[PDB]
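What follows is a set of notes on a single structure, which appears directly below.
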Amino acid sequence: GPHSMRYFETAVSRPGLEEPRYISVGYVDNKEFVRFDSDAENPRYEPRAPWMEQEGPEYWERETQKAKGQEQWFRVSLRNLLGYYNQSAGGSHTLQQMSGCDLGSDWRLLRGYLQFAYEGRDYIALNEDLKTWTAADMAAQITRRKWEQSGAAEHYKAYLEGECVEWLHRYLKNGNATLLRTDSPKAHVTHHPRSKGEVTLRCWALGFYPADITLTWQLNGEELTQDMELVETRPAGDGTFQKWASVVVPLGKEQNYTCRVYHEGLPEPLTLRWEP
Amino acid sequence: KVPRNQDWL
Amino acid sequence: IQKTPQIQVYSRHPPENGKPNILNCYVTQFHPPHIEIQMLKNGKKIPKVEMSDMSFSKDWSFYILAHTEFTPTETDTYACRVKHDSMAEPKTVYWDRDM
């Protein structure tokens with residue numbers, strides 16, 4: 001199946017002569033597995049999934065040392081950007097980076113990612129070829145030229161095609177059960193008053209993992225897209241997710257409507273209806 | 001395993 | 001100060017009056033990442049509010065889940081109030097037990 005690893009890094013500058021705060025979070029198959037935060041009492045990369053406990057003291061020491069180097073790289077880069085954009089020092093500014101790889105079932109890199117944002121807007125990104133850069137900005141053209149001179153794309157390509165893929169694979173092996181577990185949604189329909197002679201039916205799906213899900217309503221087996229409200233999928237807070245979809249229906253006609261829930265943890269899609 | 005960045009922005 | 005937070009307030013479990021639960025206030029789509037979130041019971045600040053650690057989405061915007069133990073009842077009202085640079089004033093959103 002189609003596995004991924006990402007590291008999402010953030011540096012935020014602070015008023016006065018204060019140092020930026022730097023946070024780095026790592027994800028395997030979209031679940032946080034390690035985190036570093038410079039606001040911590042003893043900043044270090046720390047496990048965030050129990051299966052990361054397998055790694056020995058050296059792994060953590062080396063990851064931590066890399067984080068500390070990244071922290072300084074972000075500090076200098078922030079300062080550089082203040083220059084490019086003729087911005088006044090001692091403000092609040094953000095620099096973010098996403099990097100990582102998607103792997104195939106044959107364990108080849110399918111796609112590599114290396115991209116940056118300043119103030120939450122695209123700054124510079126490595127193209128899918130892993131060889132050239134897209135810069136979004138006149139300022140980012142300075143970076144691009146600098147990184148064409150230094151051969152930075154090759155450095156990142158080598159990480160994306162080697163270490164990224166190799167370690168992702170190791171992490172998948174180590175988090176054997178955990179990483180591959182799905183939780184199927186439990187679903188139910190609720191019924192609520194609404195305007196004169198109409199009611200709301202709301203189809204709920206709870207306790208599911210991964211986040212990906214599709215909820216549909218039908219009237220006598222015919223689809224409904226017209227007049228369906230649905231919320232953004234949202235965390236329960238225990239690692240699983242929630243979603244609902246509702247339709248407005250004539251009073252008395254609630255049994256004409258059917259909710260269908262599609263999720264990859266299901267042996268097949270759920271069909272349900274209002275059950276008073 | 002985290003990447004190490006090369007040249008600064 | 002560029003991207004304004006979207007907010008959902010909801011319980012972890014289907015609410016049953018008198019039964020302990022967890023109220024969430026999920027705030028998303030915001031930038032810069034500094035944000036202040038308060039959870040309110042009958043207009044009063046709830047003290048032991050937990051917050052998830054700083055994360056961001058593939059669109060660069062940040063998100064956070066604030067949460068607190070609570071026991072819903074017929075009449076208590078709950079809300080989440082969010083202060084952020086992108087909005088002229090705090091946004092308060094009340095829990096609707098139906099959503």
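FYI, side chains are in, hydrogens and waters are out, and symmetry mates aren't considered; it's all heavy atoms of this structure. Chain naming here is simple, since letters A, B, ... match the order of the sequence lines and numbering starts at 1 in each.
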- If you draw a 6.0 Å radius around CZ in A/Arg121, do more than 12 non-hydrogen atoms from other residues or ligands fall strictly inside? no
- Query: Going by heavy atoms in the side chains, are A/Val34 and B/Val2 under 4.5 Å from each other?
  - Reply: no
- Cut-off 4.5 Å, heavy atoms of chain B, and the answer for A/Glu9 is side chain
- Residue pair A/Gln97, B/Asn5: steps toward the side chain to side chain donor-acceptor pair (under 3.5 Å) verdict: CA-CA 10 Å; A/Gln97 176 171 355; B/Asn5 287 354; 2.7 Å; yes
- Message: With a 4.5 angstrom heavy-atom cut-off, is it the side chain or the backbone of A/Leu168 that approaches chain B, or both, or neither?
- Response: neither
- Task: Find the one option among A/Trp73, A/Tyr118, A/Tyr159 whose heavy-atom pairs under 4.5 Å with chain B are most numerous.
- Result: A/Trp73
- Item | Greater than 12 external heavy atoms within 6.0 Å of A/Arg79's CZ | no
- Query: So, A/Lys66 side chain and B/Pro3 main chain: donor-acceptor pair closer than 3.5 Å or not?
  - Reply: no
- Query: If you draw a 6.0 Å radius around CD in A/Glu18, do more than 12 non-hydrogen atoms from other residues or ligands fall strictly inside?
  - Reply: yes
- Query: Which pair of heavy atoms, one from B/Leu9 and one from A/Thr143, lies closest together, and at what distance?
  - Reply: O-OG1, 2.6 Å
- Message: Does atom CG (A/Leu180) have a neighbourhood of more than 12 heavy atoms from anything else shown, all under 6.0 Å?
- Response: no
- Message: Please classify the contact between A/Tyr171 and chain B as side chain, backbone, both or neither, with a heavy-atom cut-off of under 4.5 Å.
- Response: side chain
- Answer with side chain, backbone, both or neither: which region of A/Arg62 has an atom nearer than 4.5 Å to a non-hydrogen atom of chain B? side chain
- Task: Using a 4.5 Å cut-off on heavy atoms from C-beta on, say whether the side chain of B/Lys1 contacts that of A/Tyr59.
- Result: yes
- Query: Does A/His155 reach the main-chain N or O of B/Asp7 with its side chain, forming a donor-acceptor pair under 3.5 Å?
  - Reply: no
- Query: Got a sec: does the CD of A/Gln65 have more than 12 other heavy atoms crowding it under 6.0 Å?
  - Reply: yes
- Task: For residues A/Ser150 and B/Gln6, report the shortest heavy-atom separation together with the two atoms involved.
- Result: OG-OE1, 2.9 Å
- Query: Does any N or O in the side chain of A/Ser77 come within less than 3.5 Å of the main-chain N or O of B/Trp8, such that one atom is a donor and the other an acceptor?
  - Reply: no
